[PDB]
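**Student:** Chains as they are written, first to last, in my numbering: chain A, 1 to 132; chain B, 1001 to 1493; chain C, 2001 to 2053; chain D, 3001 to 3142; chain E, 4001 to 4142; chain F, 5001 to 5142; chain G, 6001 to 6106. Pasting a structure here, questions to come.
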Amino acid sequence: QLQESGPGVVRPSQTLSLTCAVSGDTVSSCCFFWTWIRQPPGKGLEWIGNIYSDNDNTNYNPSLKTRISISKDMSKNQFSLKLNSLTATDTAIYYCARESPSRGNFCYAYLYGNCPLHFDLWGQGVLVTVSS
Amino acid sequence: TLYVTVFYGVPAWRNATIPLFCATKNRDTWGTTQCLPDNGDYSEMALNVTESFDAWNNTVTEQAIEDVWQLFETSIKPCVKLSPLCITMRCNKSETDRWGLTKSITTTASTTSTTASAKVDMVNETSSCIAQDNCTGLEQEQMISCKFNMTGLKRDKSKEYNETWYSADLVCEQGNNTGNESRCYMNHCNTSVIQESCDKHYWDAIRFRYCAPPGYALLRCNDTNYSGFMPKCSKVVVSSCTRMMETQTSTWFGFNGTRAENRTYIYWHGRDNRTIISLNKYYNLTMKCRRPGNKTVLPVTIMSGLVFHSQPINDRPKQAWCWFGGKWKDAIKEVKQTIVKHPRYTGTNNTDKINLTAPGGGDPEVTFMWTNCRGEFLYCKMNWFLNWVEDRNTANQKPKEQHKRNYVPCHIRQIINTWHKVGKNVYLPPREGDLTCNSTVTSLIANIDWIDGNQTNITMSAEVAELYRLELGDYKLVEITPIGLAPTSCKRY
Amino acid sequence: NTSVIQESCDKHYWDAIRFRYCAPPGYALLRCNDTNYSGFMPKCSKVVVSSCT
Amino acid sequence: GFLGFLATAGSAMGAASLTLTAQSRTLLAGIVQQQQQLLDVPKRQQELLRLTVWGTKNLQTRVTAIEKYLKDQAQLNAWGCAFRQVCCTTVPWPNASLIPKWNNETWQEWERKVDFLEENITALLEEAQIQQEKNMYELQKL
Amino acid sequence: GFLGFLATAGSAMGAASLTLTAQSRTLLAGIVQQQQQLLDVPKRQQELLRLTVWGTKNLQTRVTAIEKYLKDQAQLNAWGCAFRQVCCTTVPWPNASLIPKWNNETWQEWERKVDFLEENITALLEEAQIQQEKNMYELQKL
Amino acid sequence: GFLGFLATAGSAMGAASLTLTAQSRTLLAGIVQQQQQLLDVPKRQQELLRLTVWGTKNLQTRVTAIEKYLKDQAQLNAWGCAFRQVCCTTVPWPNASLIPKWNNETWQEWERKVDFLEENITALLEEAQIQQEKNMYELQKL
Amino acid sequence: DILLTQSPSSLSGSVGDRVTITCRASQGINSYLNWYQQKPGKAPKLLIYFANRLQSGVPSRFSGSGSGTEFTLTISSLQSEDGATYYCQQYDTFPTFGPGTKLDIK
Ligand SMILES: *[C@@H]1O[C@H](CO)[C@@H](O[C@@H]2O[C@H](CO)[C@@H](O[C@@H]3O[C@H](CO[C@H]4O[C@H](CO[C@H]5O[C@H](CO)[C@@H](O)[C@H](O)[C@@H]5O)[C@@H](O)[C@H](O[C@H]5O[C@H](CO)[C@@H](O)[C@H](O)[C@@H]5O[C@H]5O[C@H](CO)[C@@H](O)[C@H](O)[C@@H]5O)[C@@H]4O)[C@@H](O)[C@H](O[C@H]4O[C@H](CO)[C@@H](O)[C@H](O)[C@@H]4O)[C@@H]3O)[C@H](O)[C@H]2NC(C)=O)[C@H](O)[C@H]1NC(C)=O
Ligand SMILES: *[C@@H]1O[C@H](CO)[C@@H](O[C@@H]2O[C@H](CO)[C@@H](O[C@@H]3O[C@H](CO[C@H]4O[C@H](CO[C@H]5O[C@H](CO)[C@@H](O)[C@H](O)[C@@H]5O)[C@@H](O)[C@H](O[C@H]5O[C@H](CO)[C@@H](O)[C@H](O)[C@@H]5O[C@H]5O[C@H](CO)[C@@H](O)[C@H](O)[C@@H]5O)[C@@H]4O)[C@@H](O)[C@H](O[C@H]4O[C@H](CO)[C@@H](O)[C@H](O)[C@@H]4O)[C@@H]3O)[C@H](O)[C@H]2NC(C)=O)[C@H](O)[C@H]1NC(C)=O
Ligand SMILES: *[C@@H]1O[C@H](CO)[C@@H](O[C@@H]2O[C@H](CO)[C@@H](O[C@@H]3O[C@H](CO[C@H]4O[C@H](CO)[C@@H](O)[C@H](O)[C@@H]4O)[C@@H](O)[C@H](O[C@H]4O[C@H](CO)[C@@H](O)[C@H](O)[C@@H]4O[C@H]4O[C@H](CO)[C@@H](O)[C@H](O)[C@@H]4O[C@H]4O[C@H](CO)[C@@H](O)[C@H](O)[C@@H]4O)[C@@H]3O)[C@H](O)[C@H]2NC(C)=O)[C@H](O)[C@H]1NC(C)=O
Ligand SMILES: *[C@@H]1O[C@H](CO)[C@@H](O[C@@H]2O[C@H](CO)[C@@H](O[C@@H]3O[C@H](CO[C@H]4O[C@H](CO)[C@@H](O)[C@H](O)[C@@H]4O)[C@@H](O)[C@H](O[C@H]4O[C@H](CO)[C@@H](O)[C@H](O)[C@@H]4O)[C@@H]3O)[C@H](O)[C@H]2NC(C)=O)[C@H](O)[C@H]1NC(C)=O
Ligand SMILES: *[C@@H]1O[C@H](CO)[C@@H](O[C@@H]2O[C@H](CO)[C@@H](O[C@@H]3O[C@H](CO)[C@@H](O)[C@H](O)[C@@H]3O)[C@H](O)[C@H]2NC(C)=O)[C@H](O)[C@H]1NC(C)=O
Ligand SMILES: *[C@@H]1O[C@H](CO[C@@H]2O[C@@H](C)[C@@H](O)[C@@H](O)[C@@H]2O)[C@@H](O[C@@H]2O[C@H](CO)[C@@H](O)[C@H](O)[C@H]2NC(C)=O)[C@H](O)[C@H]1NC(C)=O
Ligand SMILES: *[C@@H]1O[C@H](CO)[C@@H](O[C@@H]2O[C@H](CO)[C@@H](O)[C@H](O)[C@H]2NC(C)=O)[C@H](O)[C@H]1NC(C)=O
Ligand SMILES: *[C@@H]1O[C@H](CO)[C@@H](O)[C@H](O)[C@H]1NC(C)=O
Ligand SMILES: *[C@@H]1O[C@H](CO)[C@@H](O)[C@H](O)[C@H]1NC(C)=O
Ligand SMILES: *[C@@H]1O[C@H](CO)[C@@H](O)[C@H](O)[C@H]1NC(C)=O
Ligand SMILES: *[C@@H]1O[C@H](CO)[C@@H](O)[C@H](O)[C@H]1NC(C)=O
Ligand SMILES: *[C@@H]1O[C@H](CO)[C@@H](O)[C@H](O)[C@H]1NC(C)=O
Ligand SMILES: *[C@@H]1O[C@H](CO)[C@@H](O)[C@H](O)[C@H]1NC(C)=O
Ligand SMILES: *[C@@H]1O[C@H](CO)[C@@H](O)[C@H](O)[C@H]1NC(C)=O
Ligand SMILES: *[C@@H]1O[C@H](CO)[C@@H](O)[C@H](O)[C@H]1NC(C)=O
Ligand SMILES: *[C@@H]1O[C@H](CO)[C@@H](O)[C@H](O)[C@H]1NC(C)=O
Ligand SMILES: *[C@@H]1O[C@H](CO)[C@@H](O)[C@H](O)[C@H]1NC(C)=O
Ligand SMILES: *[C@@H]1O[C@H](CO)[C@@H](O)[C@H](O)[C@H]1NC(C)=O
Ligand SMILES: *[C@@H]1O[C@H](CO)[C@@H](O)[C@H](O)[C@H]1NC(C)=O
Ligand SMILES: *[C@@H]1O[C@H](CO)[C@@H](O)[C@H](O)[C@H]1NC(C)=O
Ligand SMILES: *[C@@H]1O[C@H](CO)[C@@H](O)[C@H](O)[C@H]1NC(C)=O
């Protein structure tokens, strides 16, 4: 379903891009979010951001408020990241997920805190190194 | 080192469960008597706080429902009782037999007709069929002329009066009338006493808003994702008074709502599947109703000296009827789509399995929409409308119901059971002259009920009270409690 | 016939009714104490203060 | 409708407001508007003033608001901080286990974490005031 | 009652005896007379105490006596005066064109020339107190 | 409240036992219980809130508690000594024939022997507060 | 934000034993806690969601419960294939994830 992609090596102060394709489905399907997390080598998981499939609304981790941007393209069934001002600490495995809501009598809004939300579907992961 | 100390002037609050003050612009009767003037201040400010909101379990909505009802009761309370009228009335037999109140077996009717007869009939403003009150399929009103003996203040003197009743307002005694003058009584007299709603109730609009008393404030959700029940609302707006509420009481379709926005919202009860679907104002949905004919009204002084308004029409007018305008087909398609995409819906896939439907049973209070036009309640059979807006393949609905039209037949009823949970029967005085009303349509009152991934059934409901939770609902009342406690080192001496 | 007549049964007018008015706290009554008071007087020079009429 | 308290609700405990005069302003706006209507009702309706339920609901609403205003003033008088901002009482905080983050938490968040302490604290603050009061009595007598 | 407020009328702006305490005692007089009458009515009429127009008029004056008292204390608190003989302020007088003649004009004459300013001044006095509260809060943080 | 305030009765006038917090806590306990009932009644009876004798009576008892609180606080503010125990007013005691036995007589016995002095004293105490405050005005001008 | 922590950070047991992991929070989470199972070299997969429901496709030996500030993951019988890093996720707000714990095999 989720296939990520992008440069393995990027330089400091450049912008990293990563594009994930959806296979057998689209990015406009109702009630899904296209999200990204990071996993720096030797570390746990960090959520970085979310774009909602039925709208142009996004939700980002405040630590990257001025560094992260997420967009979608329905003609490609793709979604992507742009991460600016790269540094050494941005080396990580970047992963995609669909974050399907559990629709039903426990979901009131597609918002954090108002619907069961979980990453049922995960991609493969792309390891990106920031280096000279 | 760390002492409790007292922090006064703290920006904090808790849930309040107190009465609110009402304020209005219409001060002709109940406004001057009960309400503050509307200050005109509709400003609001936003806070960076998170709060829990619930339309159904609310004090704001609870007061709206009980206050509208209570002001009704105190308005009718002093009006003339009609128990002196619960006497045998002498009614024209052909009319009581024709409209089914009484029986006859000498009519031996038999009809032969074309079965391939379903038609499609559209009407709009630029048409003579509306101006002349005669559209294909409209029939006569069904009014029955009855005579009776009534006594005024002279007591030992009395007069006979000419009263024409709508057929649904009579019971009529049955069996072995081989002549004329059938014997009838009012439909709801014997189990109770019918009181006349004499103080112009429902002849105009009732609009008011609520204001918090000192020390209290109202919080409101300003999200687009508010669905009636929301445990964590991120956009919380503060105000001292609510938006203006229209206390309109109609079934199936709500009229003249204040929450008219360029969006379809569906509120959902947290513990149930009863919903209030707003309609998208983008489509200018409107319902224009007419009551044909020129009425005469004759005040009668009865026993106590109070006056009753009789209806000596002595004519045979066309049925009251209603015309639906605006882009109904598209507004309904959006509703179906909104349901499919809604967070609480886990039903079907396509909008071709989602249909509007009437509630079942033989009970007129749910099977027919009730609309209040300036004092006269108008029940309307809507199969023609539904067939049209849904573009249904009718086929087997039986010949009179198989048509697609943007108008429906309707029938006036003067003895109406109160909309609230009272059970009281009241009489609505007739309006003099002809009647016309042009309403906006802002909401649909319905349950969503599916048990599988095919067939969604949006079932129209008659709980008029649910409409007040769309008018308000998003408000929470809170108490400001500006005293805090917190460890600090700064004790006196 | 045009109305209902009610009996004035509770001894009304069978004796005299006399009363005076008193201002509530924070209010006072001013009175003209002239001989030239003719019902309407823009500038009354003798103004007398009391709590009750 | 000054809304001065709610205005700083989204900031932090160690950040803003601690306003006293806003309660007076709120009460004044309330009283004036109720008085204007009470003077207005008799212009059209003098008989049905308390006789019917709408007038009892408006009365209960007004009485409750007056009691609330005075309730806070009475509690402050017991503590002495009618006009003291932080007051500076001498009662120790119940335990070191429950401490505010002055730069992260708001007063709304904080107060909902000490609701089970207030039950004991109000009484303790009053007891402390009583002993201080006794000490002041003797000092004044001397 | 006493009406000391009128007794000193006509004495000029450079007035003597501004009987501040007069409002507290007028409240007390109000409460006593109305309470005694309400206790007296039940001797003959126990039901229709508020349910007949005389009792809606008498309740209105009782509730109002409480509210009038509180409006003045609340306004005074809003302007920073727990007790106000003069309770000096930080708000400047609007202009030099409106200055009283302390040894010629009376308070009745004077006040009726400045009703215009009272509407603008009330707000200014409240604003001054808001800033003073903010300043105290900053001092508390320091 | 618990009415522990009167527990000392019989102890003699000079046996300390005076307090400024007892009435606030009695009133505060009262307000919470009474407000809870005002809001509880509508769960069964929403129309007849003050349309009945008991409705009117509950109004009367809630109001009486408030009027009483205000009468006493208003009188103290007139004397200025809201928080001062003994208050230290400057009005001389009327005569040497009415002197308490601090270690024999109780406050109940004592107060019933000076009811006629309060009638002249209240006014004197109020004037003393006015004179002190007008002198402060003159000093601020200087 | 909500600080989500986990304990033991590293635990082991034999195949066939009973294994549990506890997650704790600095703030209450109503029930919105997810568990993920990540094996080395692979993306994490959802194991349990909304603190109570097993994700379809996950073996029945996995279960869990929790509320407020305390949640538990249980493997009724540890398998030789269950060595993995288990992570907790709160999604009450701006999801942050906990540090993760490791299950080894003995
Ligand atoms: C200020 O005002 C606001 C707004 O009014 C107040 O907010 C409201 O506060 C209420 C009181 O706390 C909340 O209601 C209560 O919610 C509890 C939690 O519900 C969830 O969990 C239930 C079971 O889960 C258990 O196990 C998990 C393990 O993870 C624990 O975490 C849980 O805590 C439990 O121990 C689950 O069943 C619930 O789902 C059902 O109810 C919700 C309601 O929103 C529906 O949406 C669901 O579809 C579902 O409904 C079905 O089942 C119920 C029966 O349970 C039927 O009635 C329905 O018709 C339908 O078939 C949630 O997922 C509940 O445990 C709690 O119930 C107990 O207590 C009540 C008495 O109050 C008893 O009657 C019950 O029988 C039971 O013992 C109760 O429902 C509101 O949700 C909350 N509203 C919002 C918008 O946030 C705020 O508190 C006020 N503040 C103050 C100071 O006054
Ligand atoms: C506290 O309570 C007290 C006690 O009630 C209050 O005192 C009263 O306050 C009222 C309101 O201000 C005063 O009435 C007003 O008087 C105005 C002035 O009237 C005189 O001048 C008129 C025209 O002259 C113009 O040109 C000259 C040039 O020199 C100017 O100086 C003037 O100012 C004008 O610009 C003239 O027509 C008047 O004469 C008529 O009225 C008097 C009333 O006393 C009669 O005595 C006369 O006989 C004559 O009456 C005839 O004409 C009138 C119609 O005008 C008919 O109704 C009569 O039946 C009859 O035929 C004066 O010489 C008026 O201009 C003003 O009217 C305007 O405003 C009202 C609305 O308020 C409109 O409805 C009008 O249509 C019009 O636009 C009004 O009458 C009272 O006199 C005063 N009473 C006392 C004893 O002093 C006090 O204010 C209260 N205070 C507070 C704070 O509330
Ligand atoms: C949804 O909302 C819409 C609005 O957005 C609602 O529809 C509106 O409802 C209004 C209230 O009923 C109605 O207003 C009435 O219109 C009447 C017709 O006016 C026509 O002529 C005038 C020019 O003179 C035009 O400007 C106008 O456009 C029309 O062409 C008026 O006659 C009505 O006036 C009466 O009420 C006002 C109240 O302020 C009085 O000031 C006025 O003097 C009139 O008083 C009569 O009625 C009162 C009742 O209290 C009597 O006490 C009084 O003595 C008068 O009674 C005599 O006359 C009446 C006949 O009117 C007769 O029956 C009686 O026996 C006496 O002889 C008033 O202005 C809007 O027109 C209407 N608009 C539309 C488009 O429908 C809609 O209902 C809402 N929907 C739902 C479901 O609730
Ligand atoms: C007030 O409310 C009204 C609705 O009541 C809003 O009007 C709608 O606005 C939207 C957004 O512009 C319109 O949606 C667009 O319609 C285009 C035409 O589609 C035709 O063909 C499809 C079949 O393919 C039919 O289903 C459809 O009915 C039409 O016949 C589409 O080409 C657009 O596609 C783009 O967006 C979608 C995502 O939604 C992507 O998947 C596509 O790839 C592409 O990028 C789009 O769907 C809608 O038609 C309008 N309705 C009406 C009745 O006019 C107003 O905008 C709103 N006012 C304000 C101020 O917000
Ligand atoms: C509103 O109506 C819908 C549709 O009737 C309700 O959905 C239904 O809810 C019941 C109870 O949640 C479900 O039954 C049970 O589902 C659970 C989870 O799969 C299962 O473990 C039980 O064995 C049982 O089957 C039912 O499946 C579900 N139906 C559908 C098609 O969604 C909904 O709960 C109602 N909402 C409220 C708040 O009343
Ligand atoms: C009030 O009257 C209704 C109906 O009136 C009777 O039945 C009519 C058909 C007609 O013949 C009238 O003259 C009669 O007086 C009563 O409802 C009937 O109750 C019986 C007994 O339970 C039942 O078998 C019938 O089907 C009912 N008919 C209808 C139309 O509802 C009703 O009971 C009366 N209420 C009281 C208090 O007397
Ligand atoms: C409701 O709308 C109708 C139009 O559908 C209005 O009726 C017209 O009124 C004008 C006078 O203003 C007449 O000249 C037209 O002949 C009427 N049209 C028809 C079809 O009869 C009506 O006035 C509007 N509202 C109300 C309350 O009557
Ligand atoms: C409420 O939301 C609308 C946008 O839908 C915005 O224009 C308005 O300013 C918001 N209100 C407040 C008080 O922020
Ligand atoms: C509303 O919520 C309260 C808890 O705050 C609960 O006690 C009450 O029963 C609920 N009412 C309804 C109608 O669900
Ligand atoms: C009823 O109207 C008819 C005319 O249609 C008239 O002949 C008859 O006398 C009237 N009856 C009464 C009771 O007014
Ligand atoms: C009608 O007449 C028959 C006799 O022919 C009798 O049995 C029946 O009871 C009568 N019905 C009524 C309603 O009078
Ligand atoms: C109709 O009523 C009249 C009395 O007004 C009567 O003479 C006549 O016979 C009745 N009609 C029938 C069919 O019985
Ligand atoms: C609240 O949000 C606004 C943006 O809408 C921002 O400018 C303001 O600084 C925020 N306030 C706080 C206390 O976070
Ligand atoms: C001690 O701290 C815990 C945790 O905050 C709290 O629940 C408890 O009430 C506190 N005990 C006392 C005496 O304050
Ligand atoms: C607020 O949180 C940060 C971590 O994000 C921490 O470093 C800081 O000490 C906290 N502030 C307080 C008052 O505890
Ligand atoms: C009032 O008039 C009297 C004379 O009748 C005079 O003695 C007194 O000083 C005057 N008082 C004032 C304030 O003008
Ligand atoms: C300035 O003085 C004039 C009188 O000459 C007065 O009308 C005006 O209101 C005054 N303006 C202010 C701000 O005090
Ligand atoms: C009072 O008026 C006199 C003229 O009669 C004048 O000399 C004196 O200065 C005025 N007093 C004040 C304070 O302006
Ligand atoms: C009060 O302030 C407004 C500006 O907000 C000004 O237009 C008005 O003239 C002022 N009033 C007075 C008496 O100066
Ligand atoms: C009241 O009498 C008891 C003995 O029964 C004694 O202990 C107590 O001190 C006395 N109280 C006072 C105020 O004297
Ligand atoms: C002087 O003392 C006696 C003692 O009984 C008392 O009656 C009288 O009122 C006192 N005189 C005053 C207060 O002037």
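Backbone N, C-alpha and C fix where the C-beta goes; we use that ideal spot for every residue, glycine too.
Using the DSSP secondary-structure output, state which residues sit across from D/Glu3067 in a beta bridge.
**Tutor:** On the fourth sequence, residue 3067 of chain D is found 67 positions in, with the first residue counted as 1. DSSP output for D/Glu3067 lists no bridge partner at all.
**Student:** So, under 8 Å CB-CB, B/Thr1024 and D/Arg3044 are touching, yes? Tell me the CB distance rounded to an integer number of Å.
**Tutor:** To locate residue 1024 of chain B, count along the second sequence from 1; it is residue 24. To locate residue 3044 of chain D, count along the fourth sequence from 1; it is residue 44. Rounded, the Cβ-Cβ distance is 14 Å, inconsistent with contact.
**Student:** Which bits of chain F does B/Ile1018 rub up against, with CB to CB less than 9 Å?
**Tutor:** If you number the second sequence from 1, residue 1018 of chain B lands on position 18. Going along chain F in sequence order, the residues near B/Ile1018 (Cβ under 9 Å) are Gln5035, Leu5038, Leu5039.
**Student:** Look at the Cβ atom of B/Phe1208, then the Cβ atom of B/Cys1079, and state whether they are nearer than 8 Å.
**Tutor:** The sequence position of residue 1208 of chain B within the second sequence is 208, counting from 1. The sequence position of residue 1079 of chain B within the second sequence is 79, counting from 1. For B/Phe1208 and B/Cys1079, no; Cβs fall outside 8 Å.
**Student:** Can you tell me where the alpha helix (DSSP H) holding D/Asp3115 begins and where it ends?
**Tutor:** By 1-based counting over the fourth sequence, the position of residue 3115 of chain D is 115. Looking at the DSSP string, the run of the alpha helix (DSSP H) that includes D/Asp3115 is 3115-3141.
**Student:** Relative to chain E, which residues along the region 5068-5081 of chain F have a C-beta separation below 7 Å, given in chain order?
**Tutor:** Answer set for the region 5068-5081 of chain F: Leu5070, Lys5071, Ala5074, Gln5075, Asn5077, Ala5078, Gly5080.
**Student:** So the beta strand (DSSP E) A/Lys82 belongs to, where does it begin and stop?
**Tutor:** Numbered from its first residue, the first sequence carries residue 82 of chain A at position 82. It spans 78-83 - the beta strand (DSSP E) in which A/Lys82 sits, taken as one unbroken run.
**Student:** As a quick check of your reading: which residues have a C-beta less than 5 Å from at least one non-hydrogen atom of ligand 21, in chain order?
**Tutor:** Those residues are F/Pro5094, F/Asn5095, F/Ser5097, given in chain order.
**Student:** Does ligand 12 have a heavy atom nearer than 7 Å to the CB of B/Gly1433?
**Tutor:** Residue 1433 of chain B sits at position 433 when you count from the first residue of the second sequence. No, since every heavy atom of ligand 12 falls outside the 7 Å radius drawn around the Cβ of B/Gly1433.
**Student:** Quick check on this structure: which residue in B/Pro1343, B/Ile1266, B/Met1045, B/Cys1135 has the alpha carbon closest to the alpha carbon of A/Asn105?
**Tutor:** Along the first sequence, read from residue 1 onward, the residue named residue 105 of chain A stands at position 105. Per the Cα distances, B/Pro1343.
**Student:** Which residues neighbour ligand 8 when neighbourhood means a C-beta less than 6 Å away from any of its non-hydrogen atoms? List them by chain order.
**Tutor:** This criterion selects B/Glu1044, B/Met1045, B/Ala1046, B/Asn1222, B/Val1237.
**Student:** Is B/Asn1280 near ligand 9, going by C-beta to nearest heavy atom under 7 Å?
**Tutor:** The residue given as residue 1280 of chain B occupies position 280 in the second sequence. No, the Cβ of B/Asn1280 stays beyond 7 Å of every heavy atom of ligand 9.
**Student:** Just to check, is the beta-carbon of B/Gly1270 closer than 7 Å to a non-hydrogen atom of ligand 1?
**Tutor:** For the purposes of this step, residue 1270 of chain B is identified with residue 270 of the second sequence, where counting begins at 1. Yes; taking the cut-off as 7 Å, the Cβ of B/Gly1270 has a heavy atom of ligand 1 nearer than that.
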